[PDB]
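Structural overview for review
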2 protein chains.
Amino acid sequence: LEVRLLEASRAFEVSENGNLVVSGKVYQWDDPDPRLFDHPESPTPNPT
Amino acid sequence: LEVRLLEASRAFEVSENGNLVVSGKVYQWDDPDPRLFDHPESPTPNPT
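Report follows, based on the coordinates.

**Regarding the interface of chain A and chain B**
Interface size is often expressed as the accessible area that is lost when the parts come together. Taken together, the contact pairs eight residues of chain A with seven residues of chain B. Both faces considered, chain A and chain B share a buried interface measuring about 730 Å² in area, 66% of it formed by carbon and sulfur atoms. If you sort the residues of chain A by the area they bury against chain B, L6, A8 and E13 of chain A come out on top, with a joint share of 64%. Here chain A is connected to chain B by zero salt bridges. Inspection of the region where chain A meets chain B yields one residue pair in polar contact. Of all the elements in the fold, those that place two or more residues in the side of chain A that touches chain B are β1 (2-6) and β2 (11-16) of chain A.

Dropping the structure here:
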């Protein structure tokens, strides 16, 4: 698997023998926010 | 100026000091059609 990153455009590409397999975006996170991982309000508070 | 090509995705990128400048797709013309360059049917011959 060959991986290429275009840092300026925050893009990446993965190829297998010249055939595209995965494509998208990737970039480092400047200011992580721990509250992002707080568990979301469940539909049922106390199912018990 | 540095030019990076993603051959699999047929995309390129031009950057200067880590800042994006140009972006788009560039690929070879497999079977050129000479008639694409014919002058398009015009409304007036413009003889005079």
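**Side note on the sheet that holds strand β2 (residues 11-16) of chain B**
Residues and elements named next belong to chain B. With antiparallel pairing, the three strands of this open sheet are ordered in space as β1-β2-β3. Where the open sheet ends on each side, the last strands, each with one partner, are β1 (2-6) and β3 (19-24). Across this sheet, the average inter-strand angle for adjacent strands is 20°, counted without regard to direction. Alignment of β2 against β3, held across five bridges, turns out to be antiparallel. Bridge pairing in β3 links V14 to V22.

What counts, and where the lines are drawn
- Residues numbered from 1 in each chain as written, not as in the entry; some residues may be left out.
- Chains lettered and ligands numbered in written order.
- Part of a larger assembly, values for the part shown.
- Heavy atoms only, no water.
- Contact = heavy atoms within 4.5 Å.
- Buried area = accessible area lost by both parts, 1.4 Å probe.
- Salt bridge = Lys/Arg side-chain N within 4 Å of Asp/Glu carboxyl O.
- Polar contact = N/O pair within 3.5 Å; in protein donor to acceptor, adjacent residues only side chain to side chain.
- Helix = DSSP H or I, 4+ residues; strand = E, 2+ residues; numbered from the N terminus.
- Pairing = 2+ DSSP bridges.
- Axes fitted to C-alpha atoms, helices over the stretch in contact; angles between N-to-C directions.

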